[PDB]
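Quick heads-up: it's one chain on its own, the form deposited in one PDB entry, in structure tokens.
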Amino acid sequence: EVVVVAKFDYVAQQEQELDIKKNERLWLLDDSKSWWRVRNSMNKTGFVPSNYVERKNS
């Protein structure tokens, strides 16, 4: 239901990303959640909700 508008162009850097143009309108998915891209100890990469992770102090 939530529509967003591109403020700037973005050229996708990876196949999971999307190319967008300034002023393009898009559906915002996943209840408007913010994501971080992470890599685990087995070298698998993917997106997780940014609220579920925090920087480590060590």
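Heads up, when I say rigid core I mean the largest set of C-alphas that superpose within 1.5 Å between the two forms. Only residues modelled in both forms are compared. Residue indices: 1-based, along the sequence shown.
Beyond what is shown, the protein has a form deposited in another entry; the following relates to that form.
*Asks:* Under a superposition restricted to the rigid core, does residue 36 display a Cα displacement of 2 angstroms or more between the shown form and the other one?
*Replies:* Result for residue 36: yes, a 2 Å-plus shift.
*Asks:* Closer or farther: how do the Cα atoms of residue 32 and residue 27 compare in that other deposited form relative to this form, given a change of at least 3 Å?
*Replies:* The answer is farther, because the C-alphas of residue 32 and residue 27 separate from each other in that other deposited form by 3 Å or more.
*Asks:* Is the CA-CA spacing of residue 32 and residue 25 tighter or wider in that other deposited form than here, given a 3 Å or more change?
*Replies:* Relative to this form, farther apart in that other deposited form.
*Asks:* Run through the residues found in both forms and list the stretches of 3 or more in a row whose CA moves by 2 Å or more between the shown form and the other one, fitted on the rigid core.
*Replies:* Shifted segment: only 30-56.
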